[PDB]
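**Q** Please read through the structure below; I'll follow up with questions.
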Amino acid sequence: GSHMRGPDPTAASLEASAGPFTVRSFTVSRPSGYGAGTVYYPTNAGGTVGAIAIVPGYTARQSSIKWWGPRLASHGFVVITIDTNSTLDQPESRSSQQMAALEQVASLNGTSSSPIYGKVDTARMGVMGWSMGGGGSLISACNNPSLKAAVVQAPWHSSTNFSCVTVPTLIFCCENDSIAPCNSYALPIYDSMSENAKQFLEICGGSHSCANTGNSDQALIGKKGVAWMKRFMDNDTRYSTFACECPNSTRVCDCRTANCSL
Ligand SMILES: [K+]
Ligand SMILES: [K+]
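Using this note's numbering, the first residue of the sequence shown is number 4, and each one after it goes up by one.
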């Protein structure tokens with residue numbers, strides 16, 4: 004109800020490159036507890052919106068995950084994409100930096116001269132990431148169960164026991180991933196979670212970078228990531244089917260769901 008933004012969704016509206024809202028962005032001038040940041044925001048969402056912090060993979064920078072920023076922002080979210088202090092930071096450090104990025108978004112929401120002054124509902128936050136940034140996002144969810152949603156891609160962690168996660172979590176993995184293979188990372192992670200709404204979606208033919216900037220499946224991946232965040236960060240039941248369904252797309256090679264009603 005009170006958190007619903009924008010028009011009733013359709014498959015076509017969610018598959019398109021952009022949602023209904025106009026997006027601006029800026030570079031964070033003095034990043035506090037992480038390497039660098041870009042904030043993407045809707046100028047005209049018609050109310051406060053939730054915030055999402057996105058962390059790249061091992062060896063990687065904002066470039067790898069930046070497509071998410073405009074894609075989510077255009078549907079009604081403030082999105083911070085980060086660089087980590089070092090490209091070689093591990094999951095534990097990525098989680099800390101991720102939460103520091105959300106904390107800085109909260110500072111900017113309270114700063115009259117900021118472009119996102121008063122645009123964020125600080126009680127509604129989400130976490131995303133690729134690779135070790137995905138591992139880090141699930142760590143964030145374990146330590147901060149009031150986070151509304153997690154959406155991760157080809158997650159990597161040195162352990163797969165995420166039974167601690169009570170946050171609604173969508174896991175993308177990439178069929179042909181040799182670095183964080185579905186069978187030893189994403190799927191055991193998925194299976195460990197007993198306490199939440201969850202979905203597992205394998206993208207056909209995909210390398211480890213199959214959900215990164217420039218990927219050929221942004222219609223499907225974007226639709227799913229946006230629908231998940233809309234259903235869970237906004238309690239927007241107009242998105243329940245888009246969030247919880249298994250798409251019959253020939254680009255989907257596996258789909259598993261629990262505790263997710265259509
Ligand atoms: K932009
Ligand atoms: K600043």
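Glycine included, C-beta positions come from ideal geometry on N, C-alpha and C.
Looking at the structure shown, is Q93 part of a helix, part of a strand, or coil, going by DSSP?
**A** What you label residue 93 is simply residue 90 of the sequence shown in a count that begins at 1. Coil at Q93, not helix or strand.
**Q** What number of angstroms, rounded off, separates the C-alpha of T172 from the C-alpha of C247?
**A** As a working note, residue 172 is residue 169 in the sequence shown. As a working note, residue 247 is residue 244 in the sequence shown. Spanning the two alpha carbons is a distance of roughly 11 Å.
**Q** Would you kindly check if the distance between the Cβ of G136 and the Cβ of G208 is under 8 Å?
**A** On the sequence shown, residue 208 is found 205 positions in, with the first residue counted as 1. On the sequence shown, residue 136 is found 133 positions in, with the first residue counted as 1. Not a contact, by the Cβ cut-off of 8 Å.
**Q** From this set, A200, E205, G38, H211, which residue's C-alpha is nearest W231's C-alpha?
**A** Indexing the sequence shown from 1 puts residue 231 at position 228. When only C-alpha atoms are compared, the closest one is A200.
**Q** With respect to 7 Å, is the separation between the Cβ of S28 and the closest non-hydrogen atom of ligand 2 below this value?
**A** Residue 28 sits at position 25 when you count from the first residue of the sequence shown. No; taking the cut-off as 7 Å, the Cβ of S28 has no heavy atom of ligand 2 nearer than that.
**Q** Can you have a look at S212 and say buried or exposed, based on whether 16 or more other CB atoms are within 10 angstroms of its CB?
**A** Taking the sequence shown and counting its residues from 1, one reaches residue 212 at position 209. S212 comes out buried.
**Q** What are the residues that DSSP puts in a beta bridge with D86?
**A** Looking up residue 86 in the sequence shown gives position 83. Beta-bridge pairing links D86 to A39.
**Q** Count the other C-beta atoms from every protein chain shown that fall within 10 angstroms of the C-beta of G129, then say buried if there are 16 or more, exposed otherwise.
**A** Start at 1 with the first residue of the sequence shown, and residue 129 comes out as number 126. Counting Cβ neighbours within 10 Å, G129 comes out buried, since at least 16 surround it.
**Q** Between the alpha carbons of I224 and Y43, how many angstroms are there, rounded?
**A** Residue mapping note: residue 224 aligns to position 221 of the sequence shown, counting from 1. Residue mapping note: residue 43 aligns to position 40 of the sequence shown, counting from 1. For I224 and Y43, the distance between alpha carbons rounds to 19 Å.
**Q** Just reading off the beta strand (DSSP E) that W133 is part of, what are its end residues?
**A** Residue 133 sits at position 130 when you count from the first residue of the sequence shown. Per DSSP, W133 belongs to the beta strand (DSSP E) from 123-133.
**Q** Could you check which residue in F165, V26, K151 has the C-alpha nearest to that of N47?
**A** To locate residue 47, count along the sequence shown from 1; it is residue 44. Among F165, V26, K151, the Cα nearest to that of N47 belongs to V26.
**Q** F175 by DSSP, collapsed to three states: which one?
**A** As a working mapping, residue 175 is identified with position 172 in the sequence shown. Here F175 sits in strand by DSSP.
**Q** So, is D11 buried or exposed, given that buried needs 16 or more other C-beta atoms within 10 angstroms?
**A** Translated into positions along the sequence shown, residue 11 becomes position 8. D11 should be labelled exposed.
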